[PDB]
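data.csv follows; it contains CSV, N, CA and C atoms and all ligand atoms.
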```
chain,number,residue,atom,x,y,z
C,344,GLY,N,-37.1,108.6,-20.2
C,344,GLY,CA,-37.8,109.4,-21.1
C,344,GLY,C,-37.7,110.9,-21.1
C,345,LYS,N,-37.8,111.5,-22.2
C,345,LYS,CA,-37.7,112.9,-22.4
C,345,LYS,C,-38.8,113.8,-21.8
C,346,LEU,N,-38.4,114.7,-21.0
C,346,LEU,CA,-39.4,115.7,-20.4
C,346,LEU,C,-40.2,116.4,-21.5
C,347,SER,N,-41.5,116.7,-21.3
C,347,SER,CA,-42.3,117.5,-22.2
C,347,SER,C,-41.7,118.9,-22.4
C,348,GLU,N,-42.0,119.6,-23.4
C,348,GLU,CA,-41.5,120.9,-23.6
C,348,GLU,C,-41.7,121.9,-22.4
C,349,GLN,N,-43.0,121.8,-21.8
C,349,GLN,CA,-43.2,122.6,-20.6
C,349,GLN,C,-42.3,122.2,-19.4
C,350,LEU,N,-42.2,120.9,-19.2
C,350,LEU,CA,-41.3,120.4,-18.1
C,350,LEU,C,-39.8,120.8,-18.4
C,351,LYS,N,-39.3,120.9,-19.7
C,351,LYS,CA,-38.0,121.4,-20.0
C,351,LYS,C,-37.8,122.8,-19.5
C,352,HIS,N,-38.9,123.7,-19.7
C,352,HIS,CA,-38.8,125.0,-19.2
C,352,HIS,C,-38.7,125.1,-17.7
C,353,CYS,N,-39.6,124.2,-17.0
C,353,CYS,CA,-39.5,124.1,-15.6
C,353,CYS,C,-38.1,123.7,-15.1
C,354,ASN,N,-37.5,122.7,-15.8
C,354,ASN,CA,-36.1,122.3,-15.4
C,354,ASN,C,-35.1,123.4,-15.5
C,355,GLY,N,-35.3,124.2,-16.6
C,355,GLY,CA,-34.4,125.4,-16.7
C,355,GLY,C,-34.5,126.4,-15.6
C,356,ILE,N,-35.8,126.7,-15.2
C,356,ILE,CA,-36.0,127.6,-14.0
C,356,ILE,C,-35.4,127.0,-12.8
C,357,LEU,N,-35.5,125.7,-12.5
C,357,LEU,CA,-34.9,125.1,-11.4
C,357,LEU,C,-33.4,125.2,-11.3
C,358,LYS,N,-32.7,124.9,-12.5
C,358,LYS,CA,-31.3,125.2,-12.6
C,358,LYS,C,-30.9,126.6,-12.3
C,359,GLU,N,-31.7,127.6,-12.8
C,359,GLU,CA,-31.4,129.0,-12.5
C,359,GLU,C,-31.6,129.3,-11.0
C,360,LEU,N,-32.6,128.8,-10.3
C,360,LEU,CA,-32.8,129.0,-8.9
C,360,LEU,C,-31.6,128.4,-8.0
C,361,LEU,N,-31.0,127.4,-8.5
C,361,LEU,CA,-29.8,126.8,-7.9
C,361,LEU,C,-28.5,127.4,-8.3
C,362,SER,N,-28.4,128.4,-9.2
C,362,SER,CA,-27.2,128.9,-9.8
C,362,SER,C,-26.5,130.0,-9.0
C,363,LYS,N,-25.2,130.2,-9.2
C,363,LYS,CA,-24.5,131.2,-8.4
C,363,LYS,C,-25.1,132.6,-8.4
C,364,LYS,N,-25.7,133.0,-9.5
C,364,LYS,CA,-26.2,134.4,-9.6
C,364,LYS,C,-27.3,134.7,-8.5
C,365,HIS,N,-28.0,133.7,-8.0
C,365,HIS,CA,-29.1,133.9,-7.0
C,365,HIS,C,-28.7,133.4,-5.6
C,366,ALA,N,-27.5,132.9,-5.4
C,366,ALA,CA,-27.1,132.2,-4.2
C,366,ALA,C,-27.3,133.1,-2.9
C,367,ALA,N,-27.1,134.4,-3.0
C,367,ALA,CA,-27.1,135.3,-1.9
C,367,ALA,C,-28.5,135.2,-1.1
C,368,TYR,N,-29.6,135.0,-1.9
C,368,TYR,CA,-30.9,134.8,-1.3
C,368,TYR,C,-31.5,133.4,-1.4
C,369,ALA,N,-30.9,132.6,-2.3
C,369,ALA,CA,-31.5,131.2,-2.5
C,369,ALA,C,-31.0,130.2,-1.4
C,370,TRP,N,-29.8,130.4,-0.8
C,370,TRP,CA,-29.1,129.3,-0.1
C,370,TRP,C,-30.0,128.7,1.0
C,371,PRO,N,-30.8,129.5,1.8
C,371,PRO,CA,-31.6,128.8,2.8
C,371,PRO,C,-32.6,127.7,2.3
C,372,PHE,N,-32.9,127.8,1.0
C,372,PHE,CA,-33.9,126.9,0.3
C,372,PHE,C,-33.2,125.7,-0.3
C,373,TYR,N,-31.9,125.5,-0.2
C,373,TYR,CA,-31.2,124.4,-0.9
C,373,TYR,C,-31.5,123.0,-0.4
C,374,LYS,N,-31.7,122.9,0.9
C,374,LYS,CA,-31.8,121.5,1.5
C,374,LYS,C,-33.0,121.5,2.5
C,375,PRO,N,-33.5,120.3,2.8
C,375,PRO,CA,-34.6,120.3,3.8
C,375,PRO,C,-34.2,121.0,5.1
C,376,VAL,N,-35.2,121.7,5.7
C,376,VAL,CA,-35.0,122.2,7.1
C,376,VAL,C,-34.6,121.0,8.1
C,377,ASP,N,-33.5,121.2,8.8
C,377,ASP,CA,-33.2,120.3,9.9
C,377,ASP,C,-33.6,120.9,11.2
C,378,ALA,N,-34.8,120.6,11.7
C,378,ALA,CA,-35.4,121.3,12.8
C,378,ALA,C,-34.6,121.2,14.1
C,379,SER,N,-34.1,120.0,14.4
C,379,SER,CA,-33.3,119.8,15.6
C,379,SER,C,-32.0,120.6,15.5
C,380,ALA,N,-31.3,120.5,14.3
C,380,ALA,CA,-30.0,121.3,14.2
C,380,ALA,C,-30.2,122.8,14.4
C,381,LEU,N,-31.3,123.3,13.9
C,381,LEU,CA,-31.5,124.8,14.1
C,381,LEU,C,-32.2,125.2,15.4
C,382,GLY,N,-32.6,124.2,16.2
C,382,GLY,CA,-33.3,124.5,17.5
C,382,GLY,C,-34.8,124.9,17.3
C,383,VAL,N,-35.4,124.6,16.2
C,383,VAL,CA,-36.8,125.0,15.9
C,383,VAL,C,-37.7,123.8,16.2
C,384,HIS,N,-37.9,123.4,17.5
C,384,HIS,CA,-38.5,122.2,17.9
C,384,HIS,C,-40.0,122.1,17.7
C,385,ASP,N,-40.6,123.2,17.3
C,385,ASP,CA,-42.1,123.3,16.9
C,385,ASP,C,-42.3,123.2,15.3
C,386,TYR,N,-41.2,123.1,14.5
C,386,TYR,CA,-41.3,123.3,13.1
C,386,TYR,C,-42.3,122.3,12.4
C,387,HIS,N,-42.1,121.0,12.8
C,387,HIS,CA,-43.0,119.9,12.3
C,387,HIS,C,-44.4,119.9,12.8
C,388,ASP,N,-44.7,120.6,13.9
C,388,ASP,CA,-46.0,120.8,14.4
C,388,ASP,C,-46.8,121.8,13.6
C,389,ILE,N,-46.0,122.8,13.1
C,389,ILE,CA,-46.6,124.0,12.3
C,389,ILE,C,-46.6,123.7,10.7
C,390,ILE,N,-45.6,123.0,10.2
C,390,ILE,CA,-45.3,122.8,8.8
C,390,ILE,C,-45.6,121.3,8.6
C,391,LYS,N,-46.8,121.0,8.0
C,391,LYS,CA,-47.1,119.6,7.8
C,391,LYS,C,-46.6,119.0,6.5
C,392,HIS,N,-46.2,119.8,5.5
C,392,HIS,CA,-45.6,119.3,4.2
C,392,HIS,C,-44.3,120.1,3.9
C,393,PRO,N,-43.2,119.7,4.5
C,393,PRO,CA,-41.9,120.4,4.2
C,393,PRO,C,-41.6,120.3,2.6
C,394,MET,N,-40.9,121.3,2.1
C,394,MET,CA,-40.4,121.2,0.7
C,394,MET,C,-39.1,122.1,0.6
C,395,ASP,N,-38.2,121.8,-0.3
C,395,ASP,CA,-37.0,122.5,-0.6
C,395,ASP,C,-36.5,122.2,-2.0
C,396,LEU,N,-35.5,122.9,-2.5
C,396,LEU,CA,-35.1,122.8,-3.9
C,396,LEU,C,-34.4,121.5,-4.2
C,397,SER,N,-33.7,120.9,-3.2
C,397,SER,CA,-33.0,119.6,-3.5
C,397,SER,C,-34.1,118.5,-3.7
C,398,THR,N,-35.2,118.6,-3.0
C,398,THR,CA,-36.3,117.6,-3.1
C,398,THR,C,-37.0,117.8,-4.5
C,399,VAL,N,-37.3,119.1,-4.9
C,399,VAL,CA,-37.8,119.4,-6.2
C,399,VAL,C,-36.9,118.8,-7.3
C,400,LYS,N,-35.6,119.0,-7.1
C,400,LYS,CA,-34.6,118.4,-8.1
C,400,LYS,C,-34.6,116.9,-8.2
C,401,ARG,N,-34.7,116.2,-7.1
C,401,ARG,CA,-34.8,114.8,-7.1
C,401,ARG,C,-36.1,114.3,-7.8
C,402,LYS,N,-37.2,115.0,-7.5
C,402,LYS,CA,-38.5,114.6,-8.2
C,402,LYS,C,-38.4,114.8,-9.7
C,403,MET,N,-37.8,115.9,-10.2
C,403,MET,CA,-37.6,116.2,-11.6
C,403,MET,C,-36.8,115.1,-12.2
C,404,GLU,N,-35.6,114.7,-11.6
C,404,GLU,CA,-34.7,113.7,-12.1
C,404,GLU,C,-35.4,112.3,-12.2
C,405,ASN,N,-36.3,112.0,-11.2
C,405,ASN,CA,-37.0,110.8,-11.2
C,405,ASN,C,-38.3,110.8,-12.0
C,406,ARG,N,-38.6,111.9,-12.7
C,406,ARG,CA,-39.8,112.0,-13.6
C,406,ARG,C,-41.1,111.8,-12.7
C,407,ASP,N,-41.1,112.3,-11.5
C,407,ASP,CA,-42.2,112.3,-10.6
C,407,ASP,C,-43.3,113.3,-11.1
C,408,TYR,N,-42.8,114.6,-11.5
C,408,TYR,CA,-43.8,115.6,-12.0
C,408,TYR,C,-44.4,115.2,-13.3
C,409,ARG,N,-45.7,115.2,-13.4
C,409,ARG,CA,-46.3,114.8,-14.7
C,409,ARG,C,-46.6,116.1,-15.5
C,410,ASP,N,-46.6,117.2,-14.9
C,410,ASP,CA,-46.9,118.5,-15.7
C,410,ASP,C,-46.3,119.7,-15.0
C,411,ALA,N,-46.3,120.8,-15.6
C,411,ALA,CA,-45.7,122.1,-15.1
C,411,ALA,C,-46.5,122.5,-13.8
C,412,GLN,N,-47.8,122.4,-13.8
C,412,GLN,CA,-48.6,122.8,-12.7
C,412,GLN,C,-48.2,122.1,-11.4
C,413,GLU,N,-47.9,120.8,-11.5
C,413,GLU,CA,-47.5,120.0,-10.3
C,413,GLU,C,-46.1,120.5,-9.8
C,414,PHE,N,-45.1,120.8,-10.7
C,414,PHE,CA,-43.9,121.4,-10.3
C,414,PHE,C,-44.1,122.8,-9.6
C,415,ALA,N,-44.9,123.7,-10.2
C,415,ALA,CA,-45.1,125.0,-9.6
C,415,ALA,C,-45.7,124.9,-8.2
C,416,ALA,N,-46.7,124.0,-8.0
C,416,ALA,CA,-47.3,123.8,-6.7
C,416,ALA,C,-46.2,123.5,-5.6
C,417,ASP,N,-45.2,122.6,-5.9
C,417,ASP,CA,-44.2,122.3,-5.0
C,417,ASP,C,-43.3,123.6,-4.7
C,418,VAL,N,-42.8,124.3,-5.7
C,418,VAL,CA,-42.0,125.5,-5.5
C,418,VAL,C,-42.7,126.5,-4.6
C,419,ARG,N,-44.0,126.7,-4.9
C,419,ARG,CA,-44.9,127.7,-4.1
C,419,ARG,C,-45.1,127.2,-2.7
C,420,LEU,N,-45.3,125.8,-2.5
C,420,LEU,CA,-45.4,125.3,-1.2
C,420,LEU,C,-44.1,125.6,-0.3
C,421,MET,N,-42.9,125.4,-0.9
C,421,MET,CA,-41.7,125.8,-0.2
C,421,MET,C,-41.7,127.3,0.3
C,422,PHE,N,-42.1,128.2,-0.6
C,422,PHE,CA,-42.2,129.6,-0.1
C,422,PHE,C,-43.3,129.8,1.0
C,423,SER,N,-44.5,129.2,0.8
C,423,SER,CA,-45.5,129.3,1.7
C,423,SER,C,-45.1,128.8,3.1
C,424,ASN,N,-44.4,127.7,3.2
C,424,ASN,CA,-43.9,127.2,4.5
C,424,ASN,C,-43.1,128.3,5.2
C,425,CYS,N,-42.2,129.0,4.5
C,425,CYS,CA,-41.4,130.0,5.0
C,425,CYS,C,-42.2,131.2,5.6
C,426,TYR,N,-43.3,131.6,4.8
C,426,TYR,CA,-44.2,132.7,5.2
C,426,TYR,C,-45.1,132.3,6.4
C,427,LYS,N,-45.4,131.0,6.5
C,427,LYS,CA,-46.2,130.5,7.6
C,427,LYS,C,-45.4,130.4,8.9
C,428,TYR,N,-44.2,129.9,8.9
C,428,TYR,CA,-43.4,129.7,10.2
C,428,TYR,C,-42.8,131.0,10.7
C,429,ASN,N,-42.3,131.9,9.9
C,429,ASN,CA,-41.5,133.1,10.3
C,429,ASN,C,-42.4,134.4,10.4
C,430,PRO,N,-42.0,135.3,11.3
C,430,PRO,CA,-42.7,136.6,11.2
C,430,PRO,C,-42.4,137.4,9.9
C,431,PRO,N,-43.3,138.3,9.5
C,431,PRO,CA,-43.2,138.9,8.2
C,431,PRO,C,-42.0,139.8,8.0
C,432,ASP,N,-41.4,140.2,9.1
C,432,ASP,CA,-40.2,141.1,9.0
C,432,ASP,C,-38.8,140.4,9.1
C,433,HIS,N,-38.9,139.0,9.2
C,433,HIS,CA,-37.6,138.2,9.3
C,433,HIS,C,-36.7,138.3,8.0
C,434,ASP,N,-35.4,138.3,8.2
C,434,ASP,CA,-34.5,138.3,7.1
C,434,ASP,C,-34.8,137.2,6.1
C,435,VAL,N,-35.1,136.0,6.6
C,435,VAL,CA,-35.3,134.9,5.6
C,435,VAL,C,-36.6,135.1,4.8
C,436,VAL,N,-37.6,135.8,5.3
C,436,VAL,CA,-38.8,136.1,4.5
C,436,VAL,C,-38.5,137.1,3.4
C,437,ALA,N,-37.6,138.1,3.6
C,437,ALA,CA,-37.1,138.9,2.5
C,437,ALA,C,-36.4,138.1,1.4
C,438,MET,N,-35.6,137.2,1.8
C,438,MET,CA,-34.9,136.3,0.9
C,438,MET,C,-35.9,135.5,0.0
C,439,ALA,N,-36.9,134.9,0.7
C,439,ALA,CA,-38.0,134.1,0.0
C,439,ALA,C,-38.7,135.0,-1.0
C,440,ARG,N,-39.1,136.2,-0.7
C,440,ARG,CA,-39.8,137.1,-1.6
C,440,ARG,C,-39.0,137.4,-2.8
C,441,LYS,N,-37.7,137.6,-2.7
C,441,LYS,CA,-36.8,137.9,-3.8
C,441,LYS,C,-36.7,136.6,-4.7
C,442,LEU,N,-36.5,135.4,-4.1
C,442,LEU,CA,-36.4,134.2,-5.0
C,442,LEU,C,-37.7,133.9,-5.6
C,443,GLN,N,-38.8,134.2,-4.9
C,443,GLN,CA,-40.2,134.0,-5.6
C,443,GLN,C,-40.4,134.9,-6.7
C,444,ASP,N,-39.9,136.2,-6.7
C,444,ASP,CA,-40.0,137.1,-7.8
C,444,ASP,C,-39.2,136.5,-9.0
C,445,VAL,N,-38.0,136.0,-8.8
C,445,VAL,CA,-37.3,135.3,-9.9
C,445,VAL,C,-38.1,134.2,-10.5
C,446,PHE,N,-38.6,133.3,-9.6
C,446,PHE,CA,-39.4,132.2,-10.1
C,446,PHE,C,-40.7,132.6,-10.8
C,447,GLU,N,-41.5,133.4,-10.3
C,447,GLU,CA,-42.8,133.7,-10.9
C,447,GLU,C,-42.6,134.5,-12.3
C,448,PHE,N,-41.7,135.4,-12.4
C,448,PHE,CA,-41.5,136.1,-13.7
C,448,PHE,C,-41.0,135.1,-14.8
C,449,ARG,N,-40.2,134.1,-14.5
C,449,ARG,CA,-39.8,133.2,-15.5
C,449,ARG,C,-40.8,132.1,-15.8
C,450,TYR,N,-41.5,131.6,-14.7
C,450,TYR,CA,-42.6,130.7,-14.9
C,450,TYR,C,-43.7,131.2,-15.9
C,451,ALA,N,-43.9,132.6,-15.8
C,451,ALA,CA,-44.9,133.3,-16.6
C,451,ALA,C,-44.5,133.2,-18.1
C,452,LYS,N,-43.2,133.0,-18.4
C,452,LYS,CA,-42.7,132.9,-19.8
C,452,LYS,C,-42.9,131.4,-20.4
C,453,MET,N,-43.6,130.6,-19.7
C,453,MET,CA,-43.9,129.2,-20.2
C,453,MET,C,-44.3,129.1,-21.7
C,454,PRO,N,-43.6,128.2,-22.5
C,454,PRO,CA,-44.1,128.0,-23.8
C,454,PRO,C,-45.5,127.4,-23.9
C,501,LIG,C1,-36.6,126.9,9.9
C,501,LIG,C2,-36.1,127.9,11.0
C,501,LIG,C3,-36.8,129.3,11.0
C,501,LIG,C4,-35.8,130.3,10.6
C,501,LIG,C5,-34.9,130.8,11.7
C,501,LIG,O1,-35.3,131.7,12.5
C,501,LIG,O2,-33.7,130.1,11.8
C,501,LIG,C6,-32.7,130.4,12.9
C,501,LIG,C7,-31.5,129.6,12.5
C,501,LIG,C8,-33.3,129.9,14.2
C,501,LIG,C9,-32.3,131.9,12.9
C,501,LIG,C10,-35.0,129.9,9.4
C,501,LIG,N1,-34.1,131.0,9.0
C,501,LIG,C11,-32.9,130.8,8.2
C,501,LIG,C12,-32.1,132.0,7.9
C,501,LIG,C13,-32.1,133.1,8.9
C,501,LIG,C14,-31.4,134.3,8.6
C,501,LIG,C15,-30.7,134.3,7.3
C,501,LIG,CL1,-29.8,135.8,6.9
C,501,LIG,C16,-30.8,133.3,6.4
C,501,LIG,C17,-31.5,132.1,6.7
C,501,LIG,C18,-32.7,129.4,7.6
C,501,LIG,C19,-31.4,129.0,7.7
C,501,LIG,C20,-31.0,127.8,7.2
C,501,LIG,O3,-29.6,127.4,7.4
C,501,LIG,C21,-29.2,126.1,6.9
C,501,LIG,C22,-31.9,126.9,6.7
C,501,LIG,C23,-33.3,127.3,6.6
C,501,LIG,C24,-33.7,128.6,7.1
C,501,LIG,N2,-35.1,128.9,7.0
C,501,LIG,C25,-36.1,128.6,6.1
C,501,LIG,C26,-36.0,127.9,4.8
C,501,LIG,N3,-37.2,129.0,6.6
C,501,LIG,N4,-37.1,129.5,7.8
C,501,LIG,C27,-35.7,129.5,8.2
C,502,LIG,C1,-43.7,138.5,-2.1
C,502,LIG,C2,-44.9,137.5,-2.3
C,502,LIG,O1,-44.9,136.7,-1.2
C,502,LIG,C3,-44.7,136.8,-3.6
C,502,LIG,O2,-44.6,137.8,-4.6
C,502,LIG,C4,-44.3,137.3,-5.9
C,502,LIG,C5,-44.2,138.4,-6.9
C,502,LIG,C6,-44.0,137.9,-8.3
C,502,LIG,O3,-43.0,139.2,-6.6
C,503,CL,CL,-50.2,126.6,-7.5
```

Starting from the file, give its structure as structure tokens.
Amino acid sequence: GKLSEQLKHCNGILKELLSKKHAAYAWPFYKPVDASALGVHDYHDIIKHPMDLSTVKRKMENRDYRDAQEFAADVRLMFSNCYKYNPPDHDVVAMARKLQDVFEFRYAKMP
């Protein structure tokens, strides 16, 4: 079935977040955190609800989101996990802030 008009706008935002023009700051958010691979053995004790853009994309393809609010809560959860785990001066936090600016300004243009 066809996404609602608001969910079409959300899918457009998601495609933009995954696109080459934002890759320089978006790439850490592309796939789930692999805590063992990165050596962050406390990650799952601190972050109880992991989220990333590939998971948001699978949920949109599977029609899991029933409205725009549910989609936005997942994208914001992904940024909040980054702000919770890392110190505020970390390089990856600066990248999160820049991608979140892209997201919030386009989300605000919702039909
Ligand atoms: C989860 C690990 C904490 C954080 C970190 O210190 O990672 C390292 C690898 C130990 C430096 C890590 N930094 C990064 C990170 C650190 C510096 C720069 Cl310039 C870019 C991303 C990170 C890297 C990844 O590579 C596949 C995946 C997820 C990353 N991420 C996210 C999302 N949130 N925090 C991070
Ligand atoms: C940088 C804050 O964590 C998120 O700011 C969003 C604003 C639209 O730039
Ligand atoms: Cl929210």

Which residues sit within 6 Å of ligand LIG 501 (chain C), counting only N, CA and C atoms and all ligand atoms, listed as an mmCIF file with N, CA and C atoms, keeping the file's coordinate frame?
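Dumped to pocket-v4.cif:
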```
data_model
loop_
_atom_site.group_PDB
_atom_site.id
_atom_site.type_symbol
_atom_site.label_atom_id
_atom_site.label_comp_id
_atom_site.auth_asym_id
_atom_site.auth_seq_id
_atom_site.Cartn_x
_atom_site.Cartn_y
_atom_site.Cartn_z
ATOM 1 N N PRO C 371 -30.800 129.500 1.800
ATOM 2 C CA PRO C 371 -31.600 128.800 2.800
ATOM 3 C C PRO C 371 -32.600 127.700 2.300
ATOM 4 N N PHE C 372 -32.900 127.800 1.000
ATOM 5 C CA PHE C 372 -33.900 126.900 0.300
ATOM 6 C C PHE C 372 -33.200 125.700 -0.300
ATOM 7 N N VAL C 376 -35.200 121.700 5.700
ATOM 8 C CA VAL C 376 -35.000 122.200 7.100
ATOM 9 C C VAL C 376 -34.600 121.000 8.100
ATOM 10 N N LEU C 381 -31.300 123.300 13.900
ATOM 11 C CA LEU C 381 -31.500 124.800 14.100
ATOM 12 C C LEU C 381 -32.200 125.200 15.400
ATOM 13 N N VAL C 383 -35.400 124.600 16.200
ATOM 14 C CA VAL C 383 -36.800 125.000 15.900
ATOM 15 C C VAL C 383 -37.700 123.800 16.200
ATOM 16 N N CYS C 425 -42.200 129.000 4.500
ATOM 17 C CA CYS C 425 -41.400 130.000 5.000
ATOM 18 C C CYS C 425 -42.200 131.200 5.600
ATOM 19 N N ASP C 434 -35.400 138.300 8.200
ATOM 20 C CA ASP C 434 -34.500 138.300 7.100
ATOM 21 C C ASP C 434 -34.800 137.200 6.100
ATOM 22 N N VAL C 435 -35.100 136.000 6.600
ATOM 23 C CA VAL C 435 -35.300 134.900 5.600
ATOM 24 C C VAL C 435 -36.600 135.100 4.800
#
```

Distance in Å - atom C of residue C:414 versus atom N of residue C:394
12.2 Å

Which chain C residues have any atom within 7 Å of an atom of ligand CL 503 (chain C), and for each, what is the nearest pair of atoms with distance in Å to one decimal, counting only N, CA and C atoms and all ligand atoms, rows sorted by chain and number, as JSON lines?
```
{"residue": "C:412", "atom": "C", "partner": "C:CL503", "partner_atom": "CL", "distance": 6.3}
{"residue": "C:415", "atom": "C", "partner": "C:CL503", "partner_atom": "CL", "distance": 4.9}
{"residue": "C:416", "atom": "CA", "partner": "C:CL503", "partner_atom": "CL", "distance": 4.1}
{"residue": "C:417", "atom": "N", "partner": "C:CL503", "partner_atom": "CL", "distance": 6.6}
{"residue": "C:419", "atom": "CA", "partner": "C:CL503", "partner_atom": "CL", "distance": 6.4}
```

Show me which residues sit within 6.5 Å of ligand LIG 502 (chain C) when counting all atoms listed in the file, and put them as number ranges by chain.
C: 439-441, 443-445, 447-448

Include N, CA and C atoms and write out the residues we just selected as a PDB file, in the frame of the given file.
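Saved to selection-v9.pdb:
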```
ATOM      1  N   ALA C 439     -36.900 134.900   0.700  1.00  0.00           N
ATOM      2  CA  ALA C 439     -38.000 134.100   0.000  1.00  0.00           C
ATOM      3  C   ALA C 439     -38.700 135.000  -1.000  1.00  0.00           C
ATOM      4  N   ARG C 440     -39.100 136.200  -0.700  1.00  0.00           N
ATOM      5  CA  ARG C 440     -39.800 137.100  -1.600  1.00  0.00           C
ATOM      6  C   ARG C 440     -39.000 137.400  -2.800  1.00  0.00           C
ATOM      7  N   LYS C 441     -37.700 137.600  -2.700  1.00  0.00           N
ATOM      8  CA  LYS C 441     -36.800 137.900  -3.800  1.00  0.00           C
ATOM      9  C   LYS C 441     -36.700 136.600  -4.700  1.00  0.00           C
ATOM     10  N   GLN C 443     -38.800 134.200  -4.900  1.00  0.00           N
ATOM     11  CA  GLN C 443     -40.200 134.000  -5.600  1.00  0.00           C
ATOM     12  C   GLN C 443     -40.400 134.900  -6.700  1.00  0.00           C
ATOM     13  N   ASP C 444     -39.900 136.200  -6.700  1.00  0.00           N
ATOM     14  CA  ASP C 444     -40.000 137.100  -7.800  1.00  0.00           C
ATOM     15  C   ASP C 444     -39.200 136.500  -9.000  1.00  0.00           C
ATOM     16  N   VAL C 445     -38.000 136.000  -8.800  1.00  0.00           N
ATOM     17  CA  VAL C 445     -37.300 135.300  -9.900  1.00  0.00           C
ATOM     18  C   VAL C 445     -38.100 134.200 -10.500  1.00  0.00           C
ATOM     19  N   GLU C 447     -41.500 133.400 -10.300  1.00  0.00           N
ATOM     20  CA  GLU C 447     -42.800 133.700 -10.900  1.00  0.00           C
ATOM     21  C   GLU C 447     -42.600 134.500 -12.300  1.00  0.00           C
ATOM     22  N   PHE C 448     -41.700 135.400 -12.400  1.00  0.00           N
ATOM     23  CA  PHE C 448     -41.500 136.100 -13.700  1.00  0.00           C
ATOM     24  C   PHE C 448     -41.000 135.100 -14.800  1.00  0.00           C
TER      25      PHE C 448
END
```

Using all atoms listed in the file for the distances, tell me which of C:397, C:344, C:366, C:353 is nearest to residue C:450.
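That would be C:353, the residue with the smallest distance to residue C:450.
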
Pairwise distance for atom CA of residue C:349 and atom C of residue C:451, rounded to one decimal in Å:
11.0 Å

Would you list, as a PyMOL selection string, the residues of chain C that end up in helix (DSSP H, G or I) under DSSP run on this structure's backbone?
chain C and resi 348-360+363-372+378-381+386-389+396-404+411-428+434-450

So, with only N, CA and C atoms as the atoms that count, which of C:438, C:346, C:396, C:360 lies closest to residue C:374?
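The shortest atom-to-atom distance to residue C:374 comes from C:396.
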
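The coordinates place atom CA of residue C:400 at 18.1 Å from atom CA of residue C:364.
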
Which polymer residues have any atom within 8 Å of an atom of residue C:424, counting all atoms listed in the file, with same-chain residues fewer than 6 positions away left out, as a list in words?
residues 389, 390, 391, 392, 393 and 394 of chain C

For each of C:357, C:352, C:428, C:446, take the minimum atom-to-atom distance to residue C:387, counting only C-alpha atoms, then give the residue where this is smallest.
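Looking at the shortest contact to residue C:387, the residue is C:428.
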